[PDB]
Visitor: 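Pasting in a structure now, in structure tokens, and then I'll have a few things to ask.
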Amino acid sequence: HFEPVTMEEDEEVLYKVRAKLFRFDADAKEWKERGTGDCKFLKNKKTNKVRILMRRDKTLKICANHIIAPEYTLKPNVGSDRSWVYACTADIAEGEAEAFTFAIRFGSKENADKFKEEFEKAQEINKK
Amino acid sequence: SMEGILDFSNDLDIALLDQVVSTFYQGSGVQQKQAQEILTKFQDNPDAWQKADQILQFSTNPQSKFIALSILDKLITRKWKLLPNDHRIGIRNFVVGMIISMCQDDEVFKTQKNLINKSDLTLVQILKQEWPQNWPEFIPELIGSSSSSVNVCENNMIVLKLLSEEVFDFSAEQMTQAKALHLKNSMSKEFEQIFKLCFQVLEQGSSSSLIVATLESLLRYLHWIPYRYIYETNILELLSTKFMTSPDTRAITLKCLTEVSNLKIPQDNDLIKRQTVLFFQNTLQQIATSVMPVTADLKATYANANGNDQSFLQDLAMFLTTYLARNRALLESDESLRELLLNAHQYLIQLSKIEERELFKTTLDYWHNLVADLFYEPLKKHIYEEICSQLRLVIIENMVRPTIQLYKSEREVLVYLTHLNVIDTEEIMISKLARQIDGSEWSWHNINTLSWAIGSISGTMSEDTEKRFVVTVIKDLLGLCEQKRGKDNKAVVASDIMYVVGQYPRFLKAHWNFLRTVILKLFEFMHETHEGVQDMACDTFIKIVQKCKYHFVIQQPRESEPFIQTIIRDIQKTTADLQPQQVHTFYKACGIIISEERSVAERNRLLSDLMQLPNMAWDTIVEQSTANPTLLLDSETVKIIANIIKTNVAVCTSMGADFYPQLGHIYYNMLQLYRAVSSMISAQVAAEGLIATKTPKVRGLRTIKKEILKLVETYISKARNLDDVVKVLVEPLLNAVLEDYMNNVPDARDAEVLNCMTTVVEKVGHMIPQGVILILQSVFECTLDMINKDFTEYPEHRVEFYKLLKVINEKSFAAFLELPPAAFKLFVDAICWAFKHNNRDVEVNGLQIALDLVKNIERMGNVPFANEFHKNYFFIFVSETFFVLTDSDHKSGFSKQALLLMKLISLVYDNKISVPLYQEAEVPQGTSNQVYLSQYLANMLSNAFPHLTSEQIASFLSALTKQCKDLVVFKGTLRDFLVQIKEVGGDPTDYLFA
Amino acid sequence: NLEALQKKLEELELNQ
Amino acid sequence: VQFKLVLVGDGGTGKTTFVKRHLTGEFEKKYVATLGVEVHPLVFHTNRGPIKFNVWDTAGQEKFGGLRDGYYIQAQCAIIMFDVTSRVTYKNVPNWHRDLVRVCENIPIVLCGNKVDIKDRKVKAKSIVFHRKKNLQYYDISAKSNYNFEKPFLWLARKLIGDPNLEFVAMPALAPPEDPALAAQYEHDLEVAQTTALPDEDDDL
Ligand SMILES: Nc1nc2c(ncn2[C@@H]2O[C@H](COP(=O)(O)OP(=O)(O)NP(=O)(O)O)[C@@H](O)[C@H]2O)c(=O)[nH]1
Ligand SMILES: [Mg+2]
């Protein structure tokens with residue numbers, strides 16, 4: 001005998017896409033980037049709630065953290081065929097839940113369309 | 001309530017200041033931000049310097065004493081000569097007094113280094129003003145007072161170090177040439193006494209802090225002191241022995257010896273040579289015995305980052321490379337120095353293995369220097385054969401992907417090393433390949449790295465040896481792919497195989513049946529859904545085509561037709577799965593091949609067949625979209641149109657002048673399409689507002705317009721039949737684009753129109769004088785109005801506008817002569833407007849246009865237009881140029897401002913302006929322009945810099961005009977002016993320097 | 001080895 | 001566990017844009033010169049725990065220099081910034097470094113060449129050698145494209161903590177939570193949002 005010398009694991013990934021996230025500065029007539037990286041749909045296996053979790057590349061800091069509410073509606077932006085705009089009322093990416101007007105952009109219209117399909121398949125899971 | 005101390009009516013509250021200062025440094029939030037804005041206001045107060053002796057005497061806060069020395073520094077640097085004399089000696093005696101006090105309180109001397117160093121620097125600012133003329137015994141008393149206290153002696157070294165820096169290292173653009181020379185000569189004369197004290201301290205020990213402060217000042221002296229102080233004293237012995245042993249002195253000593261390996265020394269004295277050999281031998285000996293042996297793993301040491309090891313290994317690499325680049329010949333002949341030479345390079349080999357990109361670039365520079373010498377210099381390469389053998393492995397294992405610069409450097413070194421011993425390079429690479437096959441070093445990163453290295457030495461071996469080497473490499477790479485399971489891995493190896501074959505075109509050109517197999521394999525890779533494969537297949541295809549095009553243009557033995565015909569015939573099947581940008585590369589590749597066919601009829605036939613599908617898609621939409629233009633808002637149709645035009649751009653890019661037949665097939669309908677697309681953009685801005693320019697539907701329409709213009713400029717820029725350009729192409733083009741640009745709202749004006757017009761004028765501008773006038777009339781005034789309200793809006797139009805004016809002023813200057821006087825005045829305003837940009841693209845063109853315009857007006861001679869030009873605009877250009885020279889916000893354009901200014905001044909002192917530049921009343925008749933020019937400039941500078949004396953302005957202008965044939969001296973005189981306007985009471989005699 | 005090399009290359013496929 | 005970081009360099013080289021990208025994720029397109037200094041806390045999560053930088057974003061334009069070298073007192077690390085599209089900003093790097101080390105005689109310093117995203121690079125890689133004798137760490141960076149934007153802080157973190165194996169790790173992601181009086185203005189803001197075009201629509205993302 002010789003003696004020898006993130007709080008995400010209880011969830012499951014439904015959908016993952018690369019995206020850029022913006023937030024509308026209402027008082028400055030301007031869009032402002034919040035982060036770039038992987039946007040993920042996370043369904044809690046002990047609740048079956050689906051949420052949005054998005055982390056910045058390299059620094060891995062969270063720029064989106066909110067439930068895909070059935071109340072939310074995805075509306076196109078006037079200058080893009082690969083983006084969605086929607087109001088969000090409780091996002092906890094930077095502290096306690098604040099309401100945001102978000103825009104999320106993708107590499108192609110294909111990805112943005114598939115994001116819409118998965119965003120609404122998630123809203124029905126969050127309704128049951 | 002913090003705003004209190006800002007009131008100078010009452011007395012300064014020292015306790016309130018120390019709280020304001022502590023709130024700013026140790027606080028946070030708006031409290032700190034509030035203390036910030038009031039400390040700046042207290043410091044920026046012009047009278048705060050009178051309160052500085054209170055703070056330095058009464059305050060309990062070291063940061064407050066620091067800030068007050070800052071306020072003092074601004075006083076000494078810019079208003080010292082304006083002071084009543086008696087305060088100049090009060091401030092001065094106060095500062096040395098305060099320094100003396102802080103050096104005897106061992107508590108203060110050890111725990112307030114910031115405050116002492118700032119005080120030492122403030123003293124040096126005084127010396128720059130007063131020494132040695134008003135303080136001739138500073139150096140004798142500084143040396144005398146060093147005998148007093150160890151704390152004083154060390155601090156005096158800090159004063160001398162800072163002094164040497166301000167005089168020799170940082171004076172070039174901070175003081176005038178005269179004052180810099182004065183201070184350099186002064187230190188030069190009294191350095192013998194400075195060196196005596198510095199050498200005594202270094203030999204007599206014993207305080208480490210005193211020794212290190214003496215060595216840090218010695219580092220500065222070595223930048224300028226004469227060589228005899230280093231070689232004719234014992235000082236090289238103590239640097240290379242005593243001070244290399246203690247880690248406190250090691251870092252600075254190494255830097256001193258690195259500077260010594262650069263000193264100006266005679267290369268014929270045999271004693272100095274032995275001295276240069278001896279201090280290198282001692283240094284390497286101390287390193288072997290006190291730091292690390294030559295076998296140490298410096299890669300592991302650097303990664304562990306203990307203490308200052310990273311800084312030492314960095315300084316040792318800098319020391320070895322610097323010495324060996326300059327002096328390694330001293331060590332190559334003598335047999336007793338062979339171990340010394342080889343040990344030194346073995347340390348560099350061990351340094352080269354460190355995972356530190358910037359350090360690796362430093363050693364790679366030296367290796368490049370070395371292997372180039374062994375490639376060209378007789379009888380040297382046999383000395384370094386074991387060094388070179390290790391270097392081959394280091395570079396092969398650290399090969400980067402082909403940053404841009406590092407790879408080219410790694411390739412050059414590795415190519416030299418393969419020339420020096422082909423057989424050893426070949427054996428290292430197969431061996432590494434074997435260790436990839438057996439799996440001991442198998443890795444995605446390791447197989448890619450090895451493939452880059454194998455591909456990098458192409459063309460360095462004989463064609464026979466290369467043939468045998470390539471066959472072995474491809475064979476084993478194919479087996480490595482066979483053996484791996486999973487395409488995530490199979491793609492990695494298949495890509496490396498394609499990169500290698502693409503690097504060896506001499507091999508591909510000699511083995512056609514193999515070349516065809518490669519191309520056919522790339523074609524089936526063009527159907528591979530795995531990401532990166534299709535991109536790789538397209539990049540290799542065009543890469544191989546560029547180097548082997550001739551073997552696709554001829555019919556190869558035992559084939560029935562040139563392979564280019566086979567490629568074109570199956571192009572739709574081949575490209576069916578590619579993305580549009582990949583299809584355009586494929587068509588571009590085919591255009592390279594077709595251009596090799598020099599029989600015109602055969603070249604045009606291949607062009608027709610290549611363009612068959614895009615021409616069929618084009619003819620379809622030209623018919624149906626003319627009948628009638630509702631399709632052009634279908635987002636699918638605009639995409640197909642844009643992709644048709646890009647295919648034409650891609651082929652035109654590689655075919656150039658030979659593309660003309662295909663351009664003729666589409667030219668007139670393309671310009672019509674341009675018109676139709678322009679209509680709907682305009683209609684859409686009308687129906688939806690300026691926001692429509694951001695929508696996808698309009699952005700796709702503007703893409704059609706941009707691609708059309710890019711196609712036309714691509715052909716015209718490379719055309720050889722310039723007559724067909726002028727007679728067939730220019731006229732329908734200008735009708736299509738000029739009026740549309742002029743009559744669009746600013747936010748719908750494509751700046752690419754200006755760029756296209758620039759290309760037209762650059763190539764055929766000398767043949768279309770009425771064409772150039774039409775371009776100016778349509779774009780000049782309306783584009784100028786877009787960009788003359790600020791420096792930010794429409795950045796592209798700004799740059800293209802002045803590129804267009806540049807080429808028009810160069811090629812068709814007559815177009816500016818036919819401008820109405822009001823339009824010409826806007827031209828001159830637009831040029832000076834470009835002076836004022838910080839945008840270097842705009843600013844450089846603007847100065848160049850002004851210089852070219854002056855030369856245009858000169859070549860006209862004594863003509864009413866030239867005379868009136870000087871009457872109206874000569875002094876505008878002279879004053880606008882002076883403005884950007886002296887305002888401190890356009891320093892990037894100093895050299896070209898100086899050029900333009902001298903051209904303007906030299907015109908008057910050569911009597912090339914025949915008309916008097918003044919009006920008849922303001923100056924007595926018969927007065928030369930030279931006399932009036934001096935009076936105008938004196939008045940201009942007096943109003944613009946009122947703090948200058950009249951004698952300063954006159955001395956400066958006298959020197960400036962006398963030197964308007966010598967840019968180098970002229971530029972020095974401007975730099976002297978730029979220094980003196982930053983202060984009060986500059987010496988007017990400084991302008992006699994040259 | 002050149003005729004063999006030719007055949008090995010044409011057999012390279014990424015999906016076995 | 002806090003460290004003071006002074007950020008230093010010529011006006012317009014992108015110091016403020018760089019810090020803003022790290023604070024909020026935005027890219028500020030406008031050049032609004034800094035007046036004296038702007039102090040912002042910046043926190044990173046590592047495998048050795050959270051490290052906090054108190055960033056002193058100083059002013060580069062001489063007009064707005066403020067206390068100039070007064071901001072460097074008690075600094076524990078520094079970033080010297082220049083712009084690779086403007087050769088005059090690299091020529092001034094020795095001046096900024098001289099002022100900086102006269103106050104802070106031994107701190108880890110990163111030299112950063114910003115705006116490598118621009119095609120017409122004027123300060124070529126082979127010309128950037130000032131960091132060699134001064135023992136500075138150098139990085140090509142671009143705050144616009146985020147190229148290497150995390151490297152300067154990671155390198156300084158590894159030096160200040162004394163761990164060369166320190167790395168950035170993902171924050172723990174808490175679960176997010178789930179009025180008609182506010183549906184009034186949430187649709188009002190939404191309509192203004194969808195009619196404001198997203199910036200940089202030709203970008204890859
Ligand atoms: N293309 C590009 N532009 C950048 C980049 N970083 C900053 N800029 C731009 O450069 C300009 C200068 O911005 P800024 O951050 O204020 O520079 P600064 O050094 O802080 N100025 P100051 O020293 O006067 O406070 C901005 O317009 C910004 O958009 C970059 O990485 N790429
Ligand atoms: Mg700023």
Side-chain angles (χ1 to χ4, degrees), chain B residues 498 501-502 505 508-509 512 515-528 533-556 559-619 640 642-666 707 710-711 714-715 717-719:
Chain B
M498 284 311 176
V501 307
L508 281 174
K509 288 213 270 240
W512 158 254
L515 175 50
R516 177 170 40 74
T517 307
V518 173
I519 306 296
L520 287 172
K521 184 59 59 146
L522 290 156
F523 285 1
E524 31 193 300
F525 283 157
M526 268 150 209
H527 309 273
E528 172 55 54
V533 178
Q534 281 172 300
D535 268 321
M536 173 269 309
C538 296
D539 297 355
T540 310
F541 179 47
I542 193 165
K543 186 165 153 204
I544 284 167
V545 158
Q546 280 153 346
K547 298 157 177 181
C548 314
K549 38 185 174 158
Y550 169 89
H551 290 259
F552 301 84
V553 84
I554 80 177
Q555 172 180 133
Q556 274 296 69
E559 302 274 8
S560 44
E561 52 173 12
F563 193 69
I564 179 55
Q565 293 182 34
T566 305
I567 296 172
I568 295 171
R569 152 170 26 255
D570 278 310
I571 190 163
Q572 181 171 43
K573 202 168 75 177
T574 312
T575 53
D577 296 318
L578 296 172
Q579 291 304 305
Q581 177 213 108
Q582 294 163 337
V583 174
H584 305 158
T585 297
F586 194 105
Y587 275 75
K588 182 151 96 162
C590 295
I592 289 166
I593 297 148
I594 289 164
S595 268
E596 284 284 278
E597 178 69 65
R598 271 303 112 178
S599 154
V600 171
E602 190 56 48
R603 189 178 60 247
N604 293 340
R605 182 60 163 276
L606 292 154
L607 187 50
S608 265
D609 304 337
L610 171 63
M611 296 310 286
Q612 172 199 318
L613 309 182
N615 280 349
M616 283 192 304
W618 170 259
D619 287 343
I640 281 144
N643 280 349
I644 288 172
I645 314 300
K646 290 172 175 195
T647 303
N648 279 260
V649 170
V651 174
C652 184
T653 293
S654 42
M655 298 203 58
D658 304 326
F659 186 81
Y660 188 72
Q662 166 65 13
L663 182 61
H665 174 92
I666 70 174
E707 289 308 319
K710 173 187 204 321
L711 175 61
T714 303
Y715 175 77
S717 72
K718 314 196 208 255

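Labels below follow one simple rule: chain letters A, B, ... track the order of the sequence lines, proteins then strands, and each chain is numbered from 1. We use all heavy atoms of the structure for the numbers below, so side chains are in, but hydrogens, waters and symmetry mates are not.
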Visitor: Mind checking side-chain contact (heavy atoms from CB on, under 4.5 Å) for B/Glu596 and listing every partner two or more places apart, or none if nothing turns up?
Guide: B/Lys549, B/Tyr550, B/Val553
Visitor: Can you list everything that forms a side chain to side chain donor-acceptor pair (under 3.5 Å) with B/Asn615? Sequence neighbours excluded, please.
Guide: B/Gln662
Visitor: Mind jotting down which residue pairs meet the salt bridge (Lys or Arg N to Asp or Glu O under 4.0 Å) criterion with at least one end in residues 578-590 of chain B? Sequence neighbours excluded, please.
Guide: none
Visitor: Salt bridge (charged side-chain N to carboxylate O under 4.0 Å, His left out) with B/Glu602: which residues, sequence neighbours excluded?
Guide: none
Visitor: Show me the pairs that pass ring pair (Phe, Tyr, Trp, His ring centres under 6.0 Å) and involve residues 586-616 of chain B, at least two apart or across chains.
Guide: B/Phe523-B/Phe586, B/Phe541-B/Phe586
Visitor: Name the orientation class of the two ring planes belonging to B/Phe552 and B/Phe563 (parallel below 30°, tilted from 30 to 60°, perpendicular beyond 60°).
Guide: tilted
Visitor: Just to verify, what does B/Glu707 make a salt bridge (charged side-chain N to carboxylate O under 4.0 Å, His left out) with, not counting sequence neighbours?
Guide: none
Visitor: So, using salt bridge (charged side-chain N to carboxylate O under 4.0 Å, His left out) as the criterion, who are the partners of B/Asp658 when residues are at least two apart?
Guide: B/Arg598, B/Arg603
Visitor: For B/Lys718, which residues count as a side-chain contact (heavy atoms from CB on, under 4.5 Å) partner, sequence neighbours excluded?
Guide: B/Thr714
Visitor: Quick one: list whatever passes side-chain contact (heavy atoms from CB on, under 4.5 Å) with B/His584, sequence neighbours left out.
Guide: B/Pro580, B/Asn643, B/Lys646, B/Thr647, B/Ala650
Visitor: Could you give all pairs that pass the side-chain hydrogen bond (donor to acceptor under 3.5 Å, both in side chains) test and reach residues 561-571 of chain B, with sequence neighbours left out?
Guide: B/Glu561-B/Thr566, B/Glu561-B/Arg569
Visitor: Check B/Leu515 against B/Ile544 and note the closest heavy-atom contact, atom names and distance.
Guide: CD1-CG2, 3.8 Å
Visitor: Would you please name every residue forming a ring pair (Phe, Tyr, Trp, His ring centres under 6.0 Å) with B/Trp618, sequence neighbours left out?
Guide: none
Visitor: For B/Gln579, give me all partners under side-chain contact (heavy atoms from CB on, under 4.5 Å), at least two apart in sequence or on another chain.
Guide: B/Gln582
